[PDB]
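Worksheet: one structure, shown below.
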Amino acid sequence: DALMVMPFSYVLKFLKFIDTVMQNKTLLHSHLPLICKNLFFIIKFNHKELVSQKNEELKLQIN
Amino acid sequence: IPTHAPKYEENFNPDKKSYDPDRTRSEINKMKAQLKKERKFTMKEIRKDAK
Amino acid sequence: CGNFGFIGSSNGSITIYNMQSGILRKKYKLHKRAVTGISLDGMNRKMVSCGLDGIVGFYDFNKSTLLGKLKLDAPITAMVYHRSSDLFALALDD
Amino acid sequence: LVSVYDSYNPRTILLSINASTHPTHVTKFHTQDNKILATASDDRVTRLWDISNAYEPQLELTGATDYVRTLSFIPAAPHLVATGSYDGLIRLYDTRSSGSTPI
Amino acid sequence: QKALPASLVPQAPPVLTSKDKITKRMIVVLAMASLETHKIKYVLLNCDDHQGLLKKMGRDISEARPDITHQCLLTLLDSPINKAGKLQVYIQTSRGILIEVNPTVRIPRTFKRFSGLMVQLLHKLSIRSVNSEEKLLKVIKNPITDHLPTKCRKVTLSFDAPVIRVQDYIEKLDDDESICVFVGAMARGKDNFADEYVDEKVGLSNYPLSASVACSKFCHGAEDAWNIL
Amino acid sequence: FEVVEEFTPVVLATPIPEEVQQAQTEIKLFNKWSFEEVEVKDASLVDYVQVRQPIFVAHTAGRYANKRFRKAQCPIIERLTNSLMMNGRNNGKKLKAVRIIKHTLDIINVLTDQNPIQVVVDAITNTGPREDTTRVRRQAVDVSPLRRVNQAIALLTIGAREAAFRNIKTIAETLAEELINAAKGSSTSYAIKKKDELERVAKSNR
Amino acid sequence: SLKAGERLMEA
Amino acid sequence: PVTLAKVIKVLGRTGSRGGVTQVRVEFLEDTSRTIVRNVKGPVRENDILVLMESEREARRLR
Amino acid sequence: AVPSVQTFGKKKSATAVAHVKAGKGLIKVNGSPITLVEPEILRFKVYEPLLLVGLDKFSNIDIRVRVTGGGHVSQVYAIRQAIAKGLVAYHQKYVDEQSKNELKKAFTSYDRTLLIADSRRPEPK
RNA sequence: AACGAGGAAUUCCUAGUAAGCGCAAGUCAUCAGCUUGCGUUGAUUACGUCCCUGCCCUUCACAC
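Quick look at the structure:
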């Protein structure tokens, strides 16, 4: 429910967070199951608005 | 604009009553009120003693 | 459904009766020559007629409206309507 | 005041208009258009009322130097309005234009 | 050559009441009026006469002055605008009582009688004319908003607020609307009494203003604004 | 192409007037106004100002207080009538309200040639406020379409009732002028002024 | 105090 | 100019003030864009709200 | 025996008994034509069935409605319910069932109360 | 003389509910300064929220 309230403008902030967490491999495997569940839930909920955006930089981060 | 004066009774006391023009009317109102009290109080006391 | 019987007249009038009571319900007048075939789909929605004038009309049985009108080259003689596939074959005069 | 009653129902009053402080001698509906109502006063101004909006006149024809007691609407020319005063002048106005000055 | 009105006889302007809501009006709301009664007879508490008593109720004697309410209710009704039938007064007692003052009334000039009326006013909830034809002072059900005119502009007197020209402010303001002013009759305190009703607050002069002078000053401008003379 | 469903003229032993037969042709309010051409101008209010199902008379005896949003399905004329009956003295008296509504629709047809139902719908659309305030100070908030329809009906009926409480005007005629001014959008109508006040107070404290 | 979701936004 | 936005979801456990429901709307003009708003009356999914401003983002109102 | 069917309509205490028999569109309520039913304002309510399925069908039947109990409004609702149910019942018994289906569909399309009793039975909460 | 719908504060209320109308009965307790039944006309607003105020409860797979 907490992630559901989030406006989209913070989701881009949230995705930018996971990107930065990926560099630090220690954190990634320490909290891998949690990062996965939140990440995939953010994408499913507001999928429609995510794809519509044409920002290339967002595309690389998802890459 | 037309202007009218307020009507009021100096040293008004709500516990005290509206001044009545007719003294006989005021006095009999006093007597009726006393009668109603004493009938109720006597009527109340009679019942309790009977009980 | 076995409730409506259609009769095609030689003067171009299509009449609809009710089988259980035999009481006339509706009457379609499009062809000016003899009607030589009538059929109603399985859904009892779309009706098709053909007559010696060579014209095929498409009626909507439920709303009683003329959906469309088609003219062929030659007079039409007989019609078979395949309800499963919604194809019907006309034996034209040519 | 100009009062509009429902004919054959004298009890009901539909619209009441305070046209002018002076007497209102002539009150005629427009033949072509149903909504617009005309009024003539000894104020010498023939206000053009509207039944929907009663608070202000749609147009206020003026220019007559004497009592106006005659108003006429010309058939087939709904824009045009004809008024007559005791000046001896029959003034013709056009409602399509700005008005307030006889044609 | 515009004609004259048919009748030029002077006609008294209609008395404006809370029931009529469309007409343009100036409303002055004497908020935070200190009008309170207590039995000794019942007497309107005074900052000076009853100082020991009010201490017993524990209320600070600074905020126990109905004289300011008297003075404001003197100047307002006595201004020409009232005589022109364009001014109506409401009073919001600190305890929370909302009193409407019919424009017709003529309050006594000496303070002592005025105390007599208010104690009568609070208890009987109404005062009637000497000729007994209309109710000059009446208590009404809160909130003030419902009684106020439908389309109306609301402001307050804030010393901190920007100074404005009252005559300028009224002119720029729309026509079919009406203007309310919430003046804080209380001596000293935070200017938030009418904040929940009002939308903006304005100032009248860089120097401090008492309630009475503030009302008269605001009244004066409206009279020049509306050509009341 | 002709389709014929009636081969005999229909003459009933019981005499039936002609107007009720012209009603046989099409369903009309009080047998005088058609629902065919009315449409809600504002897209949002659609699905919450119900005019599609045509009714002869406002009385229906439906069950519109059982579920949360059943009220939307009520015909708008019936909701206006039900809101007409208030202030206790009128309570329980629906037939009198239906009479007032019949009279008001007639008056509206008179003063304005338009189909009166269109005027009613236009008033309900125009007058319904689009943003409101909530006490925290006040903070601006949006307004649901149903609550907008509710305020529209309530404001119109209250304004009309207060207009003719102690005036020579009757409820019918004052309601007529209220609905007409609201449909025009003019500032004269009580409802439009109240709506503008609400929206502007919201605007100040956004 | 702040609720879930709202704390995450400030974070 | 006033925009029309259809609610797509009525957020829950938002801790909003009583009678104020926090909802997520998508604009009719641009179906992709979404914004979170506060609604005062009874609201359900798929109904249309008239947004005066499309810029502000809803905040919990206590 | 002439074909005839009987139906009841009920609303609050009001009860209406309708006999529909082969006839000539002679329809009466309490021994008087429908046009005199009162109150006038709600008369079209009683006309709701007649106008919906078309007066042509009634041209071959006569309807006698006898109503007792309740007030004006409940009486009207009882009348309309009785008329609708009687018409459908007769069309079932002595006319094709296709017309029966058409009649039921039209009525349940307009207002289901014409066919099913509207009983606001108490519900505790 | 009193009065023209009733101030502050406070209480109750969600569908055949609020409210209006009359007609009966007086059923071993209560009631006629009235009580209880009966039918008639019959709405608006909410039917969500734990934000405030109170009360309460908790700390045999799969998946979590």
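Protein chains in written order, with our numbering: chain A, 1 to 63; chain B, 1001 to 1051; chain C, 2001 to 2094; chain D, 3001 to 3103; chain E, 4001 to 4229; chain F, 5001 to 5206; chain G, 6001 to 6011; chain H, 7001 to 7062; chain I, 8001 to 8125.
Where a beta carbon is used, it is the ideal one built from N, C-alpha and C, also for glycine.
{"Item": "Any idea if C/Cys-2001 is buried or exposed, counting beta-carbon neighbours within 10 angstroms, 16 or more meaning buried?", "Value": "exposed"}
{"Item": "On the DSSP letters alone, give me the boundaries of the alpha helix (DSSP H) that E/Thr-4110 sits inside.", "Value": "Looking at the DSSP string, E/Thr-4110 is not in any alpha helix (DSSP H), and its letter there is neither H nor E."}
{"Item": "Give me the Cα-Cα distance between H/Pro-7001 and E/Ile-4170, rounded to the nearest whole angstrom.", "Value": "30 Å"}
{"Item": "Is the number of C-beta pairs between the segment 4140-4151 of chain E and the segment 3086-3100 of chain D that are closer than 8 Å three or more?", "Value": "no"}
{"Item": "Measure from the C-beta of E/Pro-4066 to each C-beta in chain D and report whether the shortest distance is under 9 Å.", "Value": "no"}
{"Item": "Helix, strand or coil, according to DSSP, for E/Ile-4040 in the structure here?", "Value": "coil"}
{"Item": "Just verifying my parser: in three-state terms, what is the DSSP assignment at E/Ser-4216?", "Value": "helix"}
{"Item": "Could you check the C-alpha separation between F/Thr-5134 and F/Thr-5157 for me, to the nearest Å?", "Value": "24 Å"}
{"Item": "Mind checking who C/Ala-2089 pairs with in its DSSP beta bridge?", "Value": "C/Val-2080"}
{"Item": "Any C-beta of chain D sitting closer than 9 Å to the C-beta of E/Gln-4011?", "Value": "no"}
{"Item": "Kindly list the residues whose CB is nearer than 7 Å to the CB of E/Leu-4148, restricted to its own chain and excluding five residues on each side of it in sequence; keep chain order.", "Value": "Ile-4027, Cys-4180"}
{"Item": "Counting only the same chain and skipping the five closest in sequence on each side, list residues whose C-beta sits under 6 Å from that of E/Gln-4051.", "Value": "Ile-4061"}
{"Item": "Would a check of beta-carbon distances place F/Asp-5196 closer than 9 Å to chain E?", "Value": "yes"}
{"Item": "Does the contact criterion of 3 or more C-beta pairs under 8 Å hold for the segment 7031-7041 of chain H versus the segment 5049-5057 of chain F?", "Value": "no"}
{"Item": "Between the beta-carbon of F/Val-5110 and the beta-carbon of F/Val-5038, is there less than 9 Å?", "Value": "no"}
{"Item": "Using the beta-carbon of each residue, which ones in chain B are nearer than 8 Å to E/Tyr-4042?", "Value": "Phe-1012, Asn-1013, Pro-1014"}
{"Item": "Under 9 Å between the Cβ atoms of F/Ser-5044 and F/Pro-5129?", "Value": "no"}
{"Item": "In the DSSP assignment, what residue or residues form a beta bridge with E/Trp-4226?", "Value": "According to DSSP, E/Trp-4226 bridges with nothing at all."}
{"Item": "Let's see if you can read the secondary structure: which residues bound the beta strand (DSSP E) around D/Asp-3094?", "Value": "3090-3094"}
{"Item": "From this set, I/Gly-8025, I/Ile-8061, I/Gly-8070, I/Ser-8109, which residue's C-alpha is nearest I/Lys-8010's C-alpha?", "Value": "I/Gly-8070"}
{"Item": "Does DSSP put residue 4997 of chain F in a helix, in a strand, or in coil?", "Value": "Residue numbering for chain F in the displayed model covers 5001 to 5206; residue 4997 of chain F lies beyond these limits and cannot be assessed."}
{"Item": "Assuming B/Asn-1029 and E/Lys-4041 make a contact with CB atoms under 8 Å, what is their CB distance in whole Å?", "Value": "Rounded, the Cβ-Cβ distance is 22 Å, inconsistent with contact."}
{"Item": "Hey, quick one: how far does the alpha helix (DSSP H) through E/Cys-4180 stretch, first residue to last?", "Value": "No alpha helix (DSSP H) holds E/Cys-4180; the beta strand (DSSP E) holding it covers 4179-4184."}
{"Item": "Given I/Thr-8068, which residues of its chain have a CB within under 7 Å of its CB, disregarding the five upstream and five downstream residues?", "Value": "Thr-8015"}
{"Item": "If the cut is a Cβ gap below 9 Å, which residues of chain I does C/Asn-2062 touch?", "Value": "Those do not exist, as C/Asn-2062 stays about 11 Å from chain I at its closest Cβ, beyond 9 Å."}
{"Item": "Which residues of chain D have a Cβ atom closer than 8 Å to the Cβ of F/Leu-5111, listed in chain order?", "Value": "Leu-3014, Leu-3015, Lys-3035, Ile-3051, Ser-3052"}
{"Item": "For D/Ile-3074, which residues from the same chain have a beta carbon less than 7 Å from its beta carbon, with the 5 sequence-adjacent residues on both sides left out?", "Value": "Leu-3080, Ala-3082"}
{"Item": "Using the C-alpha atoms, what's the distance from C/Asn-2003 back to C/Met-2019?", "Value": "5 Å"}
{"Item": "Check each candidate in E/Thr-4069, E/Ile-4228, E/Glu-4036 and name the one with the smallest Cα separation from E/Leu-4053.", "Value": "E/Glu-4036"}
{"Item": "Does the CB of C/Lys-2026 have a neighbour CB from chain F at under 9 Å?", "Value": "yes"}
{"Item": "Distance, Cα to Cα, A/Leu-28 vs A/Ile-62?", "Value": "16 Å"}
{"Item": "Select from the segment 8025-8044 of chain I all residues with a C-beta closer than 7 Å to any C-beta belonging to chain C, and list them in chain order.", "Value": "none"}
{"Item": "Kindly give me the distance between the Cβ atoms of I/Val-8046 and I/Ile-8063, rounded to whole angstroms, as I take these residues to be in contact under 8 Å.", "Value": "Not a contact, Cβ separation roughly 11 Å."}
{"Item": "So, for C/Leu-2067: in the same chain, excluding its five sequence neighbours on each side, which residues have a beta-carbon less than 6 Å away from its beta-carbon?", "Value": "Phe-2058, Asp-2060"}
{"Item": "Quick one: is F/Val-5003 near chain C, going by C-beta distance under 9 Å?", "Value": "yes"}
{"Item": "Could you name the residues of the same chain whose beta carbon sits closer than 6 Å to that of E/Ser-4178, not counting the 5 residues immediately before and after it, in chain order?", "Value": "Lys-4024, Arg-4025, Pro-4149, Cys-4152"}
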